[PDB]
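Below is one structure, written out as structure tokens; comments come after it.
Worth knowing before you read on, the calculation uses all heavy atoms, side chains too, and leaves out hydrogens, waters and symmetry mates. Letters A, B, ... are given to chains in the order of the sequence lines, protein chains preceding strands, and every chain is numbered from 1.
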Amino acid sequence: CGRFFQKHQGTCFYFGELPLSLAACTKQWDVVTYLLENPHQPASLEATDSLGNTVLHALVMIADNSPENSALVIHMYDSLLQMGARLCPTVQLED
Amino acid sequence: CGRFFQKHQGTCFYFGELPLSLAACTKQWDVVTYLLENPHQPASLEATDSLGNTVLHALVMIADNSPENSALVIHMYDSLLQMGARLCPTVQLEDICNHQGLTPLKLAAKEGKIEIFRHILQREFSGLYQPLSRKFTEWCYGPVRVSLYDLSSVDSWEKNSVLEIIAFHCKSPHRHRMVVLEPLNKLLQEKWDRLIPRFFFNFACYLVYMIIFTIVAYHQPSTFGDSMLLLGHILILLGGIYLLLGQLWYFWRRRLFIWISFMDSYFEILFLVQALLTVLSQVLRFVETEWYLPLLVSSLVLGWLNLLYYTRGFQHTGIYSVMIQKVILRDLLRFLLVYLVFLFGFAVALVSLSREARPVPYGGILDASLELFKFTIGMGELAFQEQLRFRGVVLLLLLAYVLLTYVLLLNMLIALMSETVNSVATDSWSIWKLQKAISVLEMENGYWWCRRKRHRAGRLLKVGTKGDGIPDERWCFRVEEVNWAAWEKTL
Amino acid sequence: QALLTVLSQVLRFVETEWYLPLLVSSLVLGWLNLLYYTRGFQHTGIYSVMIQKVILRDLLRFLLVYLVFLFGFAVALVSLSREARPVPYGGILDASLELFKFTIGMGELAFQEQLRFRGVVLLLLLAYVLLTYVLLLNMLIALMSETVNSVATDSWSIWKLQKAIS
Ligand SMILES: CC(C)CCC[C@@H](C)[C@H]1CC[C@H]2[C@@H]3CC=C4C[C@@H](O)CC[C@]4(C)[C@H]3CC[C@]12C
Ligand SMILES: CC(C)CCC[C@@H](C)[C@H]1CC[C@H]2[C@@H]3CC=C4C[C@@H](O)CC[C@]4(C)[C@H]3CC[C@]12C
């Protein structure tokens, strides 16, 4: 929760201020997985930041109306939804 | 140094009149090298010709705005710069002064070559040639990147900068496209945002001056009121002399500009004329003449018309003003020529007849001309006058004039205005940006009585290390961009 | 419109001298607002959207330039033409109205001879005519043409959004 990582005008980049959301927002589909089957301390997927935003909220924040960013956001959204299907079936992330 | 190898009009080809420059200009990247490692007599790379032009100047002169020549010039420029890095590291080729006092960047700016100018303005290298770069890329945290553009010889703080060259020296047909590109864009926007208060303060001062002018002109004859009127008269005199002095200082310190570009400013002339008329009328009231009020009201009209100078400053209205200028210059003068020819012919014809009785209409040339011009404003009389012996000839002539001038010519003028507006809808924005750049460059200076304190643009950063000593630090301009395309191509 | 109507109705009990102006202003505003229901049909709703776009895009700046020109020329004509060799161009409002008559194709352009500066008046009037009626209004027509050609595709979506709001 630093001035650079919040949503404002100027020097900023909001990614959800969470390591899982940070990895998801950077098209790093190798470490996002590893945060989910690390046997020692698993990373919760329904975890929210100080702004009340979860990983999907962070993804939809960073979405621009560009052909190259929209594809990234869509693919990460779909893949992470399928990933969360196998981890937390009793709770739905869309709500 | 022969007539064929100099820069003139006709049969000529200027290549720098030097064997090294000749080889470089012909895409001969086999012999240009050989001139540099021949053991017997090496060829100096900082060698200049009789025109004060080095090899880099020769390269930039032969540059045309063509996709096939621009690539050649750019590649030779970059390759020769890298080659000279390994031969002469203690000297910098980019800062070789011409006989006219120009550098390759400044020479590109003045000659209007836009492709090589843009490439030189932002060029980046990968490895050993970091110092030979203008645009640097600092920390790429995620998809946001900060670009530092070199502000050497392009920031207006220097005496002869690139911004001033484009504004006041470039004679190119389209020099408004060189003012909107990268690190020539953002810098001007920042300067305008910082100079807005001064611009609107000048606007307010001029508005107050014309309010005083209108009050004085409206309340003059053919006490407290008399004292206020005298104060207004003297205030107008000093205001007019101030405007005249400012315009004279402008034309003194910018004497050439009237020949490089008449069409681009065209308000300094109007301000000068208005100030001249005002001061002349004020010094003409002491003569107690009869031609005072005409010139006074002419200056009153001209100033209120010139008030549209400050219409610039807003995109919506500035682009409208630019389009107004384009419409006036493009499809109004020839219409006026044809209209005056038709009007004069028909007016003379109507005056020639209609004096043979079977006051009098169409008595003279001016009367008939006015009666015919009334048709344009939808007020022409088209009666069947019966006092004349040739009523039918008059009616037929009037009908011919009406169908030939009011139905055809004015509607065709409307169509021409429509197509002109559709044609110049994209360059007007660049023209407005160039006008803003000129206004900013003028406002950076002070006045003819007080020179403003100059302000550095750009921050000092940490660029890198030179190959001679240690730190080689330069003033840079920082710009952030949220770009995902570049971030895709770095995984 | 509702505020004007209720205020005028509560102003009739006071027997106020300014009842009829507000009453007729509300009468105009209601009939103008009747074009709210013009939307509801595609052909007329898109026309209303285009009318709004034209008003917002290329009518206000024309009005600014026109008022600047009109004020300058009206003040100029009022300043002179009071030197005899009623009286035309007696005041600012009279001269402004006479100059605005040119726009609606009703301006008088005679060579008045009672004035000492008839030539200056005629030249000024001609300059105003060529600078405002030949150039500016035709350029307005051209600007509306290009604006209509520019917004011919988004107006349908704007009308759909208006229907969604309704
Ligand atoms: C120069 C002296 C003799 C006056 C005659 C020229 C004046 C009256 C005419 C000639 C060309 C005209 C100008 C042409 C271009 C522009 C720019 C536009 O954005 C506003 C109108 C404006 C400013 C016109 C105002 C009237 C104008 C200045
Ligand atoms: C607001 C009070 C003071 C009245 C002044 C504003 C009125 C008279 C003017 C200003 C803007 C104008 C409106 C601009 C837009 C539209 C939408 C169009 O589809 C029909 C005409 C209509 C409805 C115009 C009617 C007249 C109008 C409403």
Side-chain angles (χ1 to χ4, degrees), chain A residues 1-32 34-36 38 41-66 68-77 80 84 93, chain B residues 122 124 135-151 155 182-183 185-197 455-464 471 473-491:
Chain A
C1 54
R3 179 71 275 172
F4 184 35
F5 305 133
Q6 305 174 335
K7 199 96 178 173
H8 66 69
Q9 189 179 5
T11 65
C12 67
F13 172 69
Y14 182 80
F15 54 80
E17 62 192 6
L18 268 188
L20 180 59
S21 66
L22 176 46
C25 292
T26 58
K27 199 174 75 68
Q28 277 183 53
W29 189 239
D30 315 303
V31 64
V32 181
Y34 188 80
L35 270 295
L36 299 152
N38 44 356
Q41 198 269 331
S44 177
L45 185 51
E46 69 275 16
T48 181
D49 59 42
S50 59
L51 206 50
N53 269 347
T54 183
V55 178
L56 301 180
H57 296 205
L59 283 172
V60 67
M61 294 296 172
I62 68 165
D64 294 349
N65 296 322
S66 303
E68 65 183 2
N69 179 210
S70 73
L72 189 151
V73 169
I74 281 170
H75 192 288
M76 294 299 291
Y77 195 86
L80 188 153
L93 310 186
Chain B
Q122 60 263 23
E124 65 183 1
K135 162 164 155 216
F136 311 89
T137 288
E138 196 177 2
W139 50 267
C140 191
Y141 182 76
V144 299
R145 58 208 64 241
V146 295
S147 311
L148 287 162
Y149 291 87
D150 198 350
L151 288 183
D155 190 27
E182 258 4 297
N185 197 25
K186 301 294 176 67
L187 182 70
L188 281 171
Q189 181 62 61
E190 189 268 331
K191 288 181 179 181
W192 172 255
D193 281 344
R194 183 178 182 270
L195 278 174
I196 284 171
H455 192 256
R456 297 300 295 266
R459 185 179 296 113
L460 197 66
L461 277 296
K462 176 67 180 175
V463 165
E473 297 262 26
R474 62 194 74 181
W475 292 74
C476 315
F477 180 74
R478 182 178 181 270
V479 61
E480 293 179 353
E481 66 182 1
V482 164
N483 194 358
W484 300 87
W487 175 82
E488 294 293 328
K489 294 180 286 189
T490 188
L491 271 60

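- Ring orientation note: the planes of B/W484 and B/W487 are nearly perpendicular, at an angle over 60° on the 30°/60° scale.
- Nearest heavy atoms, B/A457 versus B/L151: O-CD1, 3.2 Å.
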Give the intermediate values and the outcome of side-chain contact (heavy atoms from CB on, under 4.5 Å) for residues A/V73 and A/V60.
CA-CA 7 Å; A/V73 169; A/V60 67; 5.9 Å; no

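- Listed here is the closest heavy atom pair of A/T26 and A/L22: OG1-O, 3.1 Å.
- The nearest pair of heavy atoms linking B/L148 to B/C476 is CD2-CB, 3.7 Å.
- Counting all heavy atoms, side chain and backbone alike, B/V463 lies closest to B/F136 at CG1-CZ, 3.6 Å.
- When side chains are defined from C-beta on, B/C140 does not count as touching B/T490, because their heavy atoms never get closer than 4.5 Å.
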Step by step, work out the side-chain contact (heavy atoms from CB on, under 4.5 Å) result for B/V144 and B/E480.
CA-CA 7 Å; B/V144 299; B/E480 293 179 353; over 6 Å; no

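- Between B/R145 and B/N483 there is a side-chain heavy-atom pair separated by less than 4.5 Å.
- In this structure, B/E481 and B/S147 approach most closely via the heavy-atom pair OE2-OG, 4.4 Å.
- Looking at B/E182 and B/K135, their side chains never come closer than 4.5 Å, going by heavy atoms from C-beta outward.
- Relative orientation of the A/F5 and B/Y141 rings is tilted, given thresholds of 30° and 60° on the angle between their planes.
- Residue B/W475 holds its CH2 atom at 10.5 Å from CG of B/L461, rounded to the nearest 0.5 Å.
- A/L93 places none of its side-chain heavy atoms less than 4.5 Å from the side chain of A/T54.
- Separating the CG atom in A/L35 from the OG atom in A/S44 is a distance of 11.5 Å, to the nearest 0.5 Å.
- A/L80 places a side-chain heavy atom less than 4.5 Å from the side chain of A/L45.
- Going from atom OG of A/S21 over to atom CD1 of A/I62 covers 9.0 Å, rounded to the nearest 0.5 Å.
- Between the side chains of B/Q189 and B/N185, no donor N or O sits under 3.5 Å from an acceptor N or O.
- Here the side chain of A/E68 pairs a donor or acceptor atom with the backbone of B/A485 at under 3.5 angstrom.
- Other residues, nucleotides and ligands place no more than 12 heavy atoms under 6.0 Å from the CZ atom of B/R459.
- Put simply, the side chain of A/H8 reaches to within 4.5 Å of the side chain of A/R3, judged on heavy atoms.
- Taken from CG in B/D155 to OH in B/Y149, the straight-line distance is 16.0 Å, to the nearest 0.5 Å.
- Using modelled atom types, one side-chain atom of A/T48 and one backbone atom of A/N53 make a donor-acceptor pair closer than 3.5 Å.
- Between A/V55 and A/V32 the shortest side-chain heavy-atom distance does not fall below 4.5 Å.
- Within the model, atoms CD1 of A/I74 and CG of A/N69 stand 9.5 Å from one another, a figure rounded to the nearest 0.5 Å.
- Between A/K27 and B/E488, some side-chain heavy-atom pair lies under the 4.5 Å cut-off.
- Annotation: the span from B/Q122 atom CD to B/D150 atom CG amounts to 12.0 Å, rounded to 0.5 Å.
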